[PDB]
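>>> Quick one: experimental structure and sequence below.
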Amino acid sequence: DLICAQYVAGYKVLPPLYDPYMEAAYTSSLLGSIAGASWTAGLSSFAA
Amino acid sequence: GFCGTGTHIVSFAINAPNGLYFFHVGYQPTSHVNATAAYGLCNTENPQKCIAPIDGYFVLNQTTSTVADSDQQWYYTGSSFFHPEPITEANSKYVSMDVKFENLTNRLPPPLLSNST
Amino acid sequence: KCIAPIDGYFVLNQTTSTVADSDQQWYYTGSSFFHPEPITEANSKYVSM
Amino acid sequence: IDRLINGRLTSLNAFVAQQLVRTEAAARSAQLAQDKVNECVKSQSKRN
Ligand SMILES: *[C@@H]1O[C@H](CO)[C@@H](O[C@@H]2O[C@H](CO)[C@@H](O)[C@H](O)[C@H]2NC(C)=O)[C@H](O)[C@H]1NC(C)=O
Ligand SMILES: *[C@@H]1O[C@H](CO)[C@@H](O[C@@H]2O[C@H](CO)[C@@H](O)[C@H](O)[C@H]2NC(C)=O)[C@H](O)[C@H]1NC(C)=O
Ligand SMILES: *[C@@H]1O[C@H](CO)[C@@H](O[C@@H]2O[C@H](CO)[C@@H](O)[C@H](O)[C@H]2NC(C)=O)[C@H](O)[C@H]1NC(C)=O
Ligand SMILES: *[C@@H]1O[C@H](CO)[C@@H](O[C@@H]2O[C@H](CO)[C@@H](O)[C@H](O)[C@H]2NC(C)=O)[C@H](O)[C@H]1NC(C)=O
């Protein structure tokens, strides 16, 4: 499933800003920020 | 996360071309220390009384490390700035017993004392 | 002196139902699972009457 | 040929006006996704 109509009709699909490695790093950051992560009143301490 | 990053303290708003412009002032840590913390503290009594911290942590004052379990003297610190102080009824509350709480037999706080005057 | 519960209810342990007002022994339960336990200072607070 | 030129230019104008509104919708929903990450994944929300 390619898009060959690009090169005939005259439009271009632009690639996204990040590659799959960086998106995987973002969701691993989200997964590792779940336990602990400012256990208390403010947001300044980080309890493991 | 609604009012900027960090811990939100105060915000201001001015007029801008076609709208409103916002300045969120937040508290931002730059250095930190690694503290040893307790989940709570027990009594080894009958009936057993247990406390937990309010807006902070029960910590060791670990300026002179490698000490003993009777030298486990516990303090209260606030959660945003490390400064240990005595545990009182102002910074702790009574909770029901949990198996992760440390069992104290000496150096008890005044809320955890067998009250006989 | 008057007390109210914290995150739960003052309930009867009414597995043994049909009691009197002298046999109204009250317990505490947390609001998401029914398990009665004694009322103490760890699950109650002082309120105005 | 000028019929084809004028019709194709009008069609490109409609395509550009469609992509602007879709880009604006996507940028609002990215801000909503940021709120969801901050209040549901990284904390306990008090919002029923
Ligand atoms: C808090 O504890 C961590 C333990 O993980 C310390 O991290 C280590 O720091 C030393 C010195 O900078 C490094 O050589 C190690 O490689 C670090 N370990 C890891 C796993 O990253 C950290 O420095 C401590 N912080 C303070 C202020 O003492
Ligand atoms: C925790 O330990 C520190 C030691 O680093 C104590 O700080 C000392 O406090 C006394 C107060 O009488 C001062 O005379 C010293 O000069 C302080 N030393 C330093 C290096 O700052 C601190 O008091 C301890 N905390 C508690 C609650 O006892
Ligand atoms: C403090 O002492 C209590 C004793 O009351 C310990 O509680 C026991 O914990 C184990 C699991 O480690 C449970 O299987 C037992 O049922 C608990 N005993 C009771 C009577 O409930 C507790 O582990 C001790 N905690 C520390 C940190 O020493
Ligand atoms: C409320 O009543 C129930 C009876 O339904 C009590 O449950 C019994 O508890 C004893 C000891 O705790 C057990 O040996 C029995 O097997 C239990 N029976 C059942 C049917 O579960 C319960 O203890 C009472 N609640 C309180 C706080 O005393």
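On my side now, so go ahead. Numbers count the residues shown, from 1 in each chain, chains lettered A, B, ... in the order given. Ligands and ions are numbered 1, 2, ... in the order given.

>>> Helices along chain B, start to end?
Remark: no helices are assigned in chain B by DSSP state H.

>>> What parts of it come near chain A?
B:6-7, B:27, B:29, B:32, B:37, B:53, B:55-57, B:79-80 (CB under 8 Å from any CB of the partner chain). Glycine gets a C-beta too; all of them are placed from N, C-alpha and C.

>>> how close does the closest residue to ligand 4 within chain D get to residue D:9?
Closest contact between chain D and ligand 4, by CB to the nearest ligand atom, is at residue D:44 (29.4 Å). Separation of residue D:44 from residue D:9 (CB to CB, to the nearest Å): 55 Å.

>>> If you count surrounding residues, which of the two has more?
Set residue D:44 next to residue D:9 and count neighbours by other CB atoms under 10 Å in any protein chain shown: residue D:9 wins out with 9 against 6.

>>> doesn't that one fall inside a helix?
Yes: judged by DSSP: H, G, I helix; E, B strand; the rest coil, residue D:9 forms part of a helix.

>>> Next up, the contacts around the nearest residue to residue B:91 once chain neighbours are set aside.
Nearest residue to residue B:91, sequence neighbours excluded (CB to CB, 6 or more residues apart in numbering or on different chains): residue B:76, at 4.6 Å. Shown in contact with residue B:76 (CB atoms under 8 Å, 6 or more residues apart in numbering or on different chains): B:53, B:56-59, B:84-88, B:91-92.

>>> In a markdown table: those, plus distance to ligand 1.
As requested, the contacts of residue B:76 are exported to a markdown table (distance: CB to the nearest ligand atom, whole Å):
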| residue | distance to ligand 1 |
| --- | --- |
| B:53 | 21 |
| B:56 | 19 |
| B:57 | 15 |
| B:58 | 19 |
| B:59 | 14 |
| B:84 | 16 |
| B:85 | 21 |
| B:86 | 25 |
| B:87 | 24 |
| B:88 | 28 |
| B:91 | 24 |
| B:92 | 26 |
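
>>> and the residue most central in space within chain A, what element?
Against the mean C-alpha coordinate of chain A, by CA atoms, centre = their mean, the closest residue is residue A:23 at 3.2 Å. Per DSSP states H and E, residue A:23 falls inside helix A:20-32.

>>> Can you list the buried residues in that helix?
Within helix A:20-32, no residue counts as buried by 16 or more other CB atoms under 10 Å in any protein chain shown.

>>> Return a PyMOL selection command for the buried portion of the contacts of residue B:76.
In PyMOL, selecting the buried portion of the contacts of residue B:76, with burial taken from 16+ other CB under 10 Å, looks like this:
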select buried, chain B and resi 53+56+57+58+59+84+87+91+92
